[PDB]
>>> print(open('run_11.cif').read())   # mmCIF, N, CA and C atoms
data_target
#
loop_
_atom_site.label_atom_id
_atom_site.label_comp_id
_atom_site.auth_asym_id
_atom_site.auth_seq_id
_atom_site.Cartn_x
_atom_site.Cartn_y
_atom_site.Cartn_z
N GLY A 1 118.04 -62.99 20.67
CA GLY A 1 118.78 -61.74 20.75
C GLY A 1 119.96 -61.70 19.81
N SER A 2 120.35 -60.49 19.40
CA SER A 2 121.47 -60.32 18.48
C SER A 2 122.14 -58.97 18.70
N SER A 3 123.42 -59.00 19.07
CA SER A 3 124.18 -57.78 19.31
C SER A 3 124.04 -56.82 18.14
N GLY A 4 123.60 -55.60 18.44
CA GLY A 4 123.42 -54.60 17.40
C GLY A 4 123.07 -53.23 17.96
N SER A 5 124.01 -52.29 17.86
CA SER A 5 123.79 -50.94 18.37
C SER A 5 123.43 -49.99 17.23
N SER A 6 122.46 -49.12 17.49
CA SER A 6 122.01 -48.16 16.49
C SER A 6 122.42 -46.74 16.88
N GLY A 7 123.60 -46.33 16.45
CA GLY A 7 124.09 -45.00 16.76
C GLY A 7 124.95 -44.97 18.01
N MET A 8 125.87 -44.02 18.07
CA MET A 8 126.76 -43.90 19.22
C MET A 8 126.45 -42.63 20.02
N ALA A 9 126.16 -42.80 21.30
CA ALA A 9 125.84 -41.68 22.17
C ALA A 9 126.67 -41.72 23.45
N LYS A 10 126.55 -40.68 24.26
CA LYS A 10 127.28 -40.60 25.52
C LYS A 10 126.40 -41.00 26.70
N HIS A 11 126.75 -42.11 27.34
CA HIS A 11 125.99 -42.60 28.49
C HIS A 11 126.87 -43.44 29.41
N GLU A 12 126.97 -43.02 30.66
CA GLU A 12 127.79 -43.73 31.64
C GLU A 12 126.92 -44.57 32.57
N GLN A 13 126.83 -45.86 32.29
CA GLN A 13 126.02 -46.77 33.10
C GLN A 13 126.85 -47.96 33.57
N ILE A 14 126.56 -48.44 34.78
CA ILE A 14 127.28 -49.57 35.34
C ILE A 14 126.41 -50.82 35.36
N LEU A 15 125.11 -50.63 35.55
CA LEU A 15 124.16 -51.74 35.58
C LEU A 15 123.61 -52.03 34.19
N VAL A 16 123.75 -53.27 33.75
CA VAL A 16 123.26 -53.68 32.44
C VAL A 16 121.79 -54.09 32.50
N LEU A 17 120.92 -53.21 32.00
CA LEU A 17 119.49 -53.48 32.00
C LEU A 17 119.14 -54.59 31.01
N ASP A 18 118.11 -55.36 31.34
CA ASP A 18 117.68 -56.46 30.48
C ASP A 18 116.15 -56.57 30.47
N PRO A 19 115.56 -56.42 29.28
CA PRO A 19 116.30 -56.16 28.04
C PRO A 19 116.92 -54.77 28.02
N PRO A 20 118.17 -54.68 27.56
CA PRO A 20 118.90 -53.41 27.48
C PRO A 20 118.34 -52.49 26.40
N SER A 21 117.80 -53.09 25.34
CA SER A 21 117.23 -52.32 24.24
C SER A 21 115.86 -51.76 24.62
N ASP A 22 114.86 -52.63 24.63
CA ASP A 22 113.50 -52.22 24.97
C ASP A 22 112.80 -53.31 25.78
N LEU A 23 111.91 -52.89 26.68
CA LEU A 23 111.17 -53.83 27.51
C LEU A 23 109.80 -54.11 26.92
N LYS A 24 109.63 -55.31 26.37
CA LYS A 24 108.37 -55.71 25.77
C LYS A 24 107.31 -55.95 26.84
N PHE A 25 106.04 -55.80 26.46
CA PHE A 25 104.94 -56.00 27.39
C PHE A 25 103.89 -56.94 26.80
N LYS A 26 103.69 -58.08 27.46
CA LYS A 26 102.71 -59.06 27.00
C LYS A 26 101.31 -58.68 27.44
N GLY A 27 100.43 -58.43 26.47
CA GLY A 27 99.06 -58.07 26.79
C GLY A 27 98.32 -59.17 27.51
N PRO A 28 96.98 -59.10 27.48
CA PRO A 28 96.25 -58.03 26.79
C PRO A 28 96.40 -56.69 27.50
N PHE A 29 95.73 -55.67 26.97
CA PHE A 29 95.78 -54.33 27.55
C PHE A 29 94.51 -54.02 28.32
N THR A 30 93.46 -54.80 28.06
CA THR A 30 92.18 -54.60 28.73
C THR A 30 92.17 -55.28 30.10
N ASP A 31 93.33 -55.74 30.54
CA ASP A 31 93.46 -56.41 31.83
C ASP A 31 94.84 -56.19 32.42
N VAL A 32 94.99 -56.53 33.70
CA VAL A 32 96.27 -56.37 34.39
C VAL A 32 97.40 -57.06 33.63
N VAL A 33 98.49 -56.33 33.41
CA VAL A 33 99.64 -56.87 32.70
C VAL A 33 100.77 -57.22 33.66
N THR A 34 101.68 -58.08 33.21
CA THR A 34 102.81 -58.49 34.03
C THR A 34 104.08 -58.58 33.21
N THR A 35 105.02 -57.68 33.48
CA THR A 35 106.29 -57.66 32.76
C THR A 35 107.47 -57.68 33.72
N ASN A 36 108.33 -58.68 33.57
CA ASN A 36 109.51 -58.81 34.43
C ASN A 36 110.72 -58.12 33.81
N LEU A 37 111.37 -57.26 34.59
CA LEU A 37 112.55 -56.54 34.11
C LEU A 37 113.82 -57.08 34.76
N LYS A 38 114.68 -57.68 33.96
CA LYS A 38 115.94 -58.23 34.46
C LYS A 38 117.02 -57.16 34.52
N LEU A 39 117.71 -57.08 35.65
CA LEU A 39 118.77 -56.10 35.84
C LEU A 39 120.08 -56.79 36.21
N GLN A 40 121.00 -56.85 35.25
CA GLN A 40 122.30 -57.47 35.47
C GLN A 40 123.30 -56.47 36.04
N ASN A 41 124.17 -56.94 36.92
CA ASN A 41 125.18 -56.08 37.54
C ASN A 41 126.58 -56.63 37.30
N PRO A 42 127.27 -56.07 36.30
CA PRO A 42 128.63 -56.49 35.94
C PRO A 42 129.65 -56.09 37.00
N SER A 43 129.38 -54.99 37.70
CA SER A 43 130.27 -54.50 38.74
C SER A 43 130.40 -55.52 39.87
N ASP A 44 131.38 -55.31 40.74
CA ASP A 44 131.62 -56.20 41.87
C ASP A 44 131.31 -55.51 43.19
N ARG A 45 130.42 -54.52 43.14
CA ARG A 45 130.05 -53.77 44.34
C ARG A 45 128.56 -53.44 44.32
N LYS A 46 127.96 -53.38 45.51
CA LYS A 46 126.54 -53.07 45.63
C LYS A 46 126.18 -51.82 44.84
N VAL A 47 124.96 -51.78 44.31
CA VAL A 47 124.50 -50.64 43.53
C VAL A 47 123.00 -50.41 43.73
N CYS A 48 122.63 -49.16 43.96
CA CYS A 48 121.23 -48.80 44.17
C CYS A 48 120.58 -48.37 42.87
N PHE A 49 119.33 -48.78 42.67
CA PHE A 49 118.59 -48.44 41.46
C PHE A 49 117.23 -47.84 41.80
N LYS A 50 116.88 -46.76 41.12
CA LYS A 50 115.60 -46.09 41.34
C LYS A 50 114.72 -46.15 40.10
N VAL A 51 113.67 -46.96 40.16
CA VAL A 51 112.75 -47.11 39.04
C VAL A 51 111.82 -45.91 38.93
N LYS A 52 111.90 -45.19 37.81
CA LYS A 52 111.07 -44.02 37.59
C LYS A 52 110.56 -43.99 36.15
N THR A 53 109.25 -43.83 36.00
CA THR A 53 108.63 -43.78 34.67
C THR A 53 107.77 -42.53 34.52
N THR A 54 107.40 -42.23 33.28
CA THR A 54 106.57 -41.07 32.99
C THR A 54 105.10 -41.34 33.31
N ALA A 55 104.78 -42.61 33.52
CA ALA A 55 103.41 -43.00 33.84
C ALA A 55 103.36 -43.84 35.11
N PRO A 56 103.70 -43.21 36.25
CA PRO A 56 103.70 -43.88 37.55
C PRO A 56 102.29 -44.21 38.04
N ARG A 57 101.29 -43.71 37.32
CA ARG A 57 99.90 -43.95 37.67
C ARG A 57 99.38 -45.23 37.02
N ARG A 58 99.92 -45.54 35.84
CA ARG A 58 99.51 -46.73 35.11
C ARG A 58 100.62 -47.78 35.12
N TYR A 59 101.48 -47.72 36.13
CA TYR A 59 102.58 -48.66 36.26
C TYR A 59 102.83 -49.01 37.72
N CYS A 60 102.95 -50.30 38.00
CA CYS A 60 103.18 -50.78 39.36
C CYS A 60 104.46 -51.61 39.43
N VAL A 61 105.57 -50.97 39.77
CA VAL A 61 106.85 -51.65 39.87
C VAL A 61 107.13 -52.08 41.31
N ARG A 62 107.55 -53.33 41.47
CA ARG A 62 107.85 -53.87 42.79
C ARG A 62 108.88 -55.00 42.70
N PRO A 63 110.00 -54.84 43.42
CA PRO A 63 110.24 -53.66 44.26
C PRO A 63 110.47 -52.40 43.43
N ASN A 64 110.05 -51.26 43.96
CA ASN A 64 110.21 -49.98 43.27
C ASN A 64 111.64 -49.46 43.43
N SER A 65 112.44 -50.18 44.21
CA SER A 65 113.83 -49.79 44.44
C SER A 65 114.58 -50.87 45.22
N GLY A 66 115.88 -50.68 45.38
CA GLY A 66 116.69 -51.64 46.10
C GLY A 66 118.11 -51.72 45.58
N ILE A 67 118.89 -52.65 46.12
CA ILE A 67 120.27 -52.83 45.70
C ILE A 67 120.48 -54.19 45.04
N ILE A 68 121.18 -54.19 43.91
CA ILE A 68 121.45 -55.43 43.18
C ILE A 68 122.85 -55.95 43.50
N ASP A 69 122.91 -57.04 44.25
CA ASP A 69 124.18 -57.65 44.62
C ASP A 69 125.15 -57.65 43.43
N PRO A 70 126.45 -57.61 43.73
CA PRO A 70 127.50 -57.61 42.71
C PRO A 70 127.61 -58.95 41.98
N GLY A 71 127.46 -58.91 40.66
CA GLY A 71 127.54 -60.13 39.88
C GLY A 71 126.29 -60.98 39.98
N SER A 72 125.13 -60.32 39.99
CA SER A 72 123.86 -61.02 40.09
C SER A 72 122.78 -60.31 39.28
N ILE A 73 121.67 -61.00 39.05
CA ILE A 73 120.56 -60.43 38.29
C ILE A 73 119.29 -60.38 39.13
N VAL A 74 118.56 -59.27 39.01
CA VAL A 74 117.31 -59.10 39.75
C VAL A 74 116.12 -59.03 38.81
N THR A 75 115.02 -59.67 39.22
CA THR A 75 113.80 -59.68 38.41
C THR A 75 112.72 -58.80 39.03
N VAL A 76 112.55 -57.60 38.47
CA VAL A 76 111.55 -56.67 38.97
C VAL A 76 110.20 -56.91 38.31
N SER A 77 109.13 -56.81 39.10
CA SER A 77 107.78 -57.02 38.59
C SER A 77 107.13 -55.70 38.23
N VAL A 78 106.93 -55.48 36.93
CA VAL A 78 106.31 -54.25 36.44
C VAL A 78 104.91 -54.52 35.90
N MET A 79 103.91 -54.37 36.76
CA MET A 79 102.53 -54.59 36.37
C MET A 79 101.94 -53.34 35.72
N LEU A 80 101.32 -53.52 34.55
CA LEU A 80 100.72 -52.41 33.83
C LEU A 80 99.20 -52.42 33.99
N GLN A 81 98.67 -51.36 34.58
CA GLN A 81 97.23 -51.24 34.80
C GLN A 81 96.48 -51.28 33.47
N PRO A 82 95.30 -51.91 33.48
CA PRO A 82 94.46 -52.03 32.28
C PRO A 82 93.85 -50.69 31.86
N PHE A 83 94.17 -50.26 30.64
CA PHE A 83 93.66 -49.00 30.12
C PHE A 83 93.32 -49.12 28.64
N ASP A 84 92.57 -48.16 28.13
CA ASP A 84 92.18 -48.15 26.72
C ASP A 84 93.38 -47.90 25.82
N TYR A 85 93.97 -48.98 25.32
CA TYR A 85 95.13 -48.88 24.44
C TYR A 85 94.71 -48.59 23.01
N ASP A 86 95.46 -47.71 22.34
CA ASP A 86 95.16 -47.35 20.96
C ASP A 86 96.22 -47.90 20.02
N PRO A 87 95.78 -48.42 18.86
CA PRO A 87 96.67 -48.99 17.85
C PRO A 87 97.52 -47.92 17.16
N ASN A 88 97.04 -46.68 17.19
CA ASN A 88 97.76 -45.57 16.57
C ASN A 88 98.37 -44.66 17.63
N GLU A 89 98.82 -45.25 18.73
CA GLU A 89 99.43 -44.49 19.81
C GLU A 89 100.77 -43.91 19.38
N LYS A 90 101.14 -42.79 19.99
CA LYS A 90 102.41 -42.13 19.67
C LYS A 90 103.51 -42.57 20.63
N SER A 91 104.75 -42.48 20.18
CA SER A 91 105.89 -42.87 21.00
C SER A 91 106.23 -41.79 22.02
N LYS A 92 105.35 -41.61 23.00
CA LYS A 92 105.56 -40.61 24.04
C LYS A 92 106.11 -41.25 25.31
N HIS A 93 105.31 -42.12 25.92
CA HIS A 93 105.72 -42.80 27.15
C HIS A 93 107.20 -43.17 27.10
N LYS A 94 107.84 -43.17 28.26
CA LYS A 94 109.26 -43.50 28.35
C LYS A 94 109.60 -44.08 29.72
N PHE A 95 110.63 -44.92 29.77
CA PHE A 95 111.06 -45.53 31.02
C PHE A 95 112.52 -45.22 31.31
N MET A 96 112.75 -44.44 32.36
CA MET A 96 114.11 -44.06 32.75
C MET A 96 114.50 -44.73 34.06
N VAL A 97 115.55 -45.54 34.02
CA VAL A 97 116.03 -46.23 35.21
C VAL A 97 117.32 -45.60 35.73
N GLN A 98 117.31 -45.25 37.01
CA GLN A 98 118.48 -44.63 37.64
C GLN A 98 119.29 -45.67 38.41
N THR A 99 120.61 -45.56 38.33
CA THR A 99 121.50 -46.48 39.02
C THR A 99 122.73 -45.76 39.56
N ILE A 100 123.13 -46.13 40.78
CA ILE A 100 124.30 -45.52 41.41
C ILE A 100 124.89 -46.44 42.47
N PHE A 101 126.21 -46.53 42.49
CA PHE A 101 126.90 -47.38 43.46
C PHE A 101 126.45 -47.05 44.88
N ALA A 102 126.61 -48.02 45.78
CA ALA A 102 126.22 -47.84 47.17
C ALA A 102 127.44 -47.69 48.07
N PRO A 103 127.33 -46.81 49.07
CA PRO A 103 128.42 -46.55 50.02
C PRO A 103 128.66 -47.73 50.96
N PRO A 104 129.78 -47.68 51.69
CA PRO A 104 130.15 -48.74 52.64
C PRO A 104 129.24 -48.76 53.86
N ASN A 105 128.63 -47.62 54.17
CA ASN A 105 127.74 -47.51 55.31
C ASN A 105 126.30 -47.27 54.86
N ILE A 106 126.00 -47.67 53.63
CA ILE A 106 124.66 -47.50 53.07
C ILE A 106 123.59 -47.96 54.06
N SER A 107 123.03 -47.01 54.80
CA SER A 107 122.00 -47.31 55.78
C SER A 107 120.65 -46.75 55.35
N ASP A 108 120.60 -45.44 55.13
CA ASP A 108 119.37 -44.78 54.71
C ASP A 108 119.41 -44.47 53.22
N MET A 109 118.51 -45.10 52.47
CA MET A 109 118.44 -44.89 51.03
C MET A 109 117.95 -43.48 50.71
N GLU A 110 116.85 -43.07 51.33
CA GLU A 110 116.29 -41.75 51.11
C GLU A 110 117.36 -40.67 51.24
N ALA A 111 118.37 -40.95 52.06
CA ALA A 111 119.46 -40.00 52.27
C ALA A 111 120.47 -40.06 51.12
N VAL A 112 120.69 -41.26 50.59
CA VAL A 112 121.62 -41.44 49.49
C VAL A 112 121.11 -40.77 48.22
N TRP A 113 119.95 -41.20 47.75
CA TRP A 113 119.35 -40.64 46.54
C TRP A 113 119.25 -39.12 46.65
N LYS A 114 119.07 -38.63 47.87
CA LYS A 114 118.96 -37.19 48.10
C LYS A 114 120.31 -36.50 47.94
N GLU A 115 121.30 -36.97 48.68
CA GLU A 115 122.64 -36.40 48.62
C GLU A 115 123.21 -36.52 47.21
N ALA A 116 122.92 -37.63 46.54
CA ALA A 116 123.40 -37.86 45.19
C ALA A 116 123.06 -36.69 44.27
N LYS A 117 124.06 -36.20 43.54
CA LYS A 117 123.87 -35.08 42.63
C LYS A 117 123.46 -35.57 41.24
N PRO A 118 122.74 -34.72 40.50
CA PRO A 118 122.27 -35.04 39.15
C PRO A 118 123.42 -35.11 38.14
N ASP A 119 124.62 -34.80 38.61
CA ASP A 119 125.80 -34.82 37.75
C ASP A 119 126.57 -36.12 37.92
N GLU A 120 126.21 -36.89 38.94
CA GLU A 120 126.87 -38.17 39.21
C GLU A 120 125.90 -39.33 39.02
N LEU A 121 124.61 -39.06 39.19
CA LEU A 121 123.59 -40.08 39.04
C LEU A 121 123.53 -40.58 37.60
N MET A 122 123.65 -41.90 37.43
CA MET A 122 123.60 -42.50 36.10
C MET A 122 122.19 -42.97 35.76
N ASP A 123 121.74 -42.65 34.56
CA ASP A 123 120.40 -43.04 34.11
C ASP A 123 120.46 -43.75 32.77
N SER A 124 119.35 -44.35 32.37
CA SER A 124 119.28 -45.08 31.11
C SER A 124 117.95 -44.82 30.41
N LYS A 125 118.01 -44.56 29.11
CA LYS A 125 116.81 -44.30 28.32
C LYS A 125 116.24 -45.60 27.75
N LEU A 126 115.07 -45.99 28.24
CA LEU A 126 114.42 -47.21 27.78
C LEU A 126 112.98 -46.94 27.37
N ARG A 127 112.49 -47.71 26.41
CA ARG A 127 111.12 -47.55 25.92
C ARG A 127 110.31 -48.83 26.14
N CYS A 128 109.08 -48.67 26.60
CA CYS A 128 108.20 -49.81 26.85
C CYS A 128 107.32 -50.10 25.64
N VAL A 129 107.46 -51.29 25.09
CA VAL A 129 106.68 -51.70 23.92
C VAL A 129 105.51 -52.58 24.33
N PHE A 130 104.30 -52.16 23.96
CA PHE A 130 103.10 -52.92 24.29
C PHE A 130 102.77 -53.93 23.19
N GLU A 131 102.87 -55.21 23.52
CA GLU A 131 102.58 -56.27 22.56
C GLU A 131 101.24 -56.93 22.85
N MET A 132 100.76 -57.72 21.91
CA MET A 132 99.48 -58.41 22.06
C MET A 132 99.69 -59.91 22.29
N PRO A 133 98.80 -60.52 23.08
CA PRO A 133 98.87 -61.95 23.39
C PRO A 133 98.54 -62.82 22.18
N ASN A 134 97.81 -62.25 21.22
CA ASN A 134 97.44 -62.98 20.02
C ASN A 134 98.66 -63.59 19.34
N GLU A 135 99.02 -64.80 19.77
CA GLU A 135 100.17 -65.49 19.21
C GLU A 135 99.84 -66.08 17.84
N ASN A 136 100.87 -66.52 17.12
CA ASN A 136 100.69 -67.10 15.80
C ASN A 136 101.04 -68.59 15.81
N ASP A 137 102.16 -68.93 16.44
CA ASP A 137 102.61 -70.31 16.52
C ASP A 137 103.29 -70.59 17.85
N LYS A 138 102.71 -71.48 18.64
CA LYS A 138 103.26 -71.84 19.94
C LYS A 138 104.78 -71.92 19.88
N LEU A 139 105.43 -71.46 20.94
CA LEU A 139 106.89 -71.48 21.01
C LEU A 139 107.37 -72.24 22.24
N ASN A 140 108.30 -73.16 22.04
CA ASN A 140 108.84 -73.96 23.14
C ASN A 140 110.36 -73.82 23.22
N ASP A 141 111.00 -73.78 22.06
CA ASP A 141 112.45 -73.65 21.99
C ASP A 141 112.89 -73.14 20.62
N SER A 142 114.13 -72.65 20.55
CA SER A 142 114.66 -72.13 19.30
C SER A 142 115.44 -73.20 18.55
N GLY A 143 114.98 -74.44 18.64
CA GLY A 143 115.64 -75.54 17.97
C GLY A 143 114.93 -76.86 18.18
N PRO A 144 115.40 -77.64 19.17
CA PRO A 144 114.82 -78.95 19.50
C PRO A 144 113.42 -78.83 20.11
N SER A 145 112.68 -79.93 20.10
CA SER A 145 111.33 -79.95 20.66
C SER A 145 111.36 -80.35 22.13
N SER A 146 112.20 -81.31 22.46
CA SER A 146 112.32 -81.79 23.83
C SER A 146 112.40 -80.63 24.81
N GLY A 147 112.04 -80.89 26.07
CA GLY A 147 112.08 -79.85 27.08
C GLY A 147 111.18 -78.68 26.74
#
>>> encode(input="run_11.cif", output="structure tokens")
Amino acid sequence: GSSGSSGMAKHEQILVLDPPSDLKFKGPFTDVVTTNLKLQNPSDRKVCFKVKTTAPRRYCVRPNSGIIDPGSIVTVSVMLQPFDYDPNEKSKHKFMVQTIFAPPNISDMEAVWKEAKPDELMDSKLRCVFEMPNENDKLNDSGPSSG
């Protein structure tokens, strides 16, 4: 990884998505895929996140929601259903993750996300990149061989 932002835009987010740039997907595509999404929480208070994508039919996220403890990272399992992938596919699909702090009496989630207004709810624009398993050179470390 290497710090590098492309353009300055307006976005108010508290939860640091990982990868924050784009979420790569290890193929193949002709079979069930498995992609782990890391979600870092810099804040020191509970926060609720709602996983929502444009292709909820070809995507299986679990947990599909929940709260990320303050100062911790969560690993979400995003399984991609096997479908006819095209090499000349267009950049349409998109992944939008919603995040919002949790109340002191956070009991019913369905009630929170509901009461929450679209003017306070924080979201993030992310793109899912489909990669192929066809590796070129085995990788173990970015330096030494040991371990």
>>> resolve_selection(input="run_11.cif", expression="the PyMOL selection byres ((chain A and resi 122) around 7)", output="ChimeraX atom specification")
/A:12-14,97-100,118-121,123-124
>>> resolve_selection(input="run_11.cif", expression="the PyMOL selection byres (((chain A and resi 38 and name CA) around 12) and name CA)", output="list in words")
residues 15, 16, 17, 18, 19, 20, 21, 22, 23, 24, 35, 36, 37, 39, 40, 41, 68, 72, 73, 74, 75, 76, 77 and 78 of chain A
>>> resolve_selection(input="run_11.cif", expression="the PyMOL selection byres ((chain A and resi 46) around 8)", output="list in words")
residues 43, 44, 45, 47, 48, 49, 67, 68, 69, 70, 71, 100, 101, 102 and 103 of chain A
>>> atom_distance(input="run_11.cif", atom1="CA of residue 58 (chain A)", atom2="atom C of residue 79 (chain A)")
7.1 Å
>>> atom_distance(input="run_11.cif", atom1="atom N of residue 115 (chain A)", atom2="CA of residue 128 (chain A)")
28.5 Å
>>> select_by_dssp(input="run_11.cif", residues="region 39-137 of chain A", states="helix (DSSP H, G or I)", output="PyMOL selection string")
chain A and resi 109-115
